[PDB]
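Before any comments, here is the structure.
For neighbour counting, all protein chains shown are included, and Cβ atoms are generated from backbone atoms with ideal geometry for every residue, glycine included. Just so you know, all these numbers are worked out from the coordinates, no wet-lab data involved.
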Ligand SMILES: *[C@@H]1O[C@H](CO)[C@@H](O[C@@H]2O[C@H](CO)[C@@H](O[C@H]3O[C@H](CO[C@H]4O[C@H](CO)[C@@H](O)[C@H](O[C@H]5O[C@H](CO)[C@@H](O)[C@H](O)[C@@H]5O)[C@@H]4O)[C@@H](O)[C@H](O[C@H]4O[C@H](CO)[C@@H](O)[C@H](O)[C@@H]4O[C@H]4O[C@H](CO)[C@@H](O)[C@H](O)[C@@H]4O)[C@@H]3O)[C@H](O)[C@H]2NC(C)=O)[C@H](O)[C@H]1NC(C)=O
Ligand SMILES: [Cu+2]
């Protein structure tokens with residue numbers, strides 16, 4: 001239970017729910033093929049926002065994860081329960097108007113992921129113990145313009161069966177400036193890119209011990 005509730009760009013937090021479509025309820029999406037998998041949604045209520053955040057291509061944004069919209073701190077208890085082990089992931093989708101585009105459907109490409117490392121430490125744990133900061137490199141080589149940024153944390157503590165995995169995601173609204181447009185990524189659909197049978201969705205993270213973890217979705221796009 002957690003919310004990607006604000007975005008930091010160039011050392012400046014852009015405001016709670018400002019440029020990020022945030023729900024008030026921090027409950028997960030559990031149907032990977034629901035239309036809500038893209039930018040969250042029913043049975044949650046997601047607020048709209050008119051702010052579109054400028055970001056220079058090639059630089060980083062940081063998704064700021066918090067337990068609730070009222071959370072003030074940045075300690076583990078302020079981010080997500082430590083039982084919620086799993087990957088962190090981020091996607092971009094080119095859209096005509098980032099303030100109004102739905103996000104459902106084709107066009108998503110992955111730009112970051114953090115699964116499980118050789119020490120058995122998970123991406124969500126690095127965010128939980130890292131002040132809720134989820135750093136994401138905006139590629140320098142993509143086309144400039146309006147994008148949706150989908151930042152995601154998947155909790156796998158109850159994922160031995162499907163449904164069970166818990167998907168927490170929100171979409172930020174970006175205006176990518178300076179993008180060279182020299183590369184166009186191959187894209188996938190949300191819903192569609194994840195399946196309830198994916199090795200990274202239906203998984204017992206306790207027995208037997210996880211030796212390697214396969215983050216769901218396509219491979220990361222890199223310039
Ligand atoms: C802009 O955004 C980008 C991302 O979009 C940022 O780049 C990332 O930055 C982070 C943070 O600096 C960095 O974190 C990891 O760095 C090491 C990753 O190692 C890679 O190469 C390995 C090849 O040997 C490979 O095995 C790894 O892949 C494994 O793990 C990942 C998950 O991490 C799995 O998804 C994957 O399948 C595979 O299993 C990586 O590909 C990694 O060593 C780091 O972990 C150490 O520090 C963590 C924090 O303390 C800790 O949780 C972890 O256990 C480990 O600690 C141990 O070593 C520490 C010193 O290294 C020390 O504290 C102790 O001895 C511990 O025992 C870390 O997880 C990403 O790799 C970057 N990603 C990319 C693509 O570059 C960028 O920073 C950001 N800002 C800018 C650019 O300004
Ligand atoms: Cu939870």
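Separation of the stretch 130-149 from the stretch 68-127 is 12 Å, based on Cα centroids. Normalised Debye scattering of the chain at q = 0.11 Å⁻¹ gives log10 I(q)/I(0) of -0.47, counting only Cα atoms as equal scatterers and leaving out solvent.
Projected onto its three principal axes, the C-alpha set of the stretch 1-93 covers 34, 31, 24 Å, listed from the longest axis down.
In terms of other Cβ atoms within 10 Å, 171, 223, 141 run from fewest to most in the order 223, 141, 171. Cα extents for the stretch 173-223 along the principal axes, largest to smallest and rounded to whole angstrom: 47, 23, 20. Put in line by how crowded their Cβ is, counting other Cβ atoms within 10 Å and starting with the fewest, 134, 157 read 157, 134.
Based on other C-beta atoms within 10 Å, arrange 5, 212 from fewest to most. It would help to have the intermediate numbers written out before the result.
Details: 5 25, 212 8.
In increasing order of surrounding Cβ atoms, one gets 212, 5.
Given only helices, namely DSSP H runs of n ≥ 4 each adding -39500 (n - 2.57), what is the per-residue ellipticity at 222 nm of the chain, to the nearest 500 deg cm²/dmol?
Numbers: 1 runs with 6 residues, N = 223.
The per-residue figure over the chain is -500 deg cm²/dmol.
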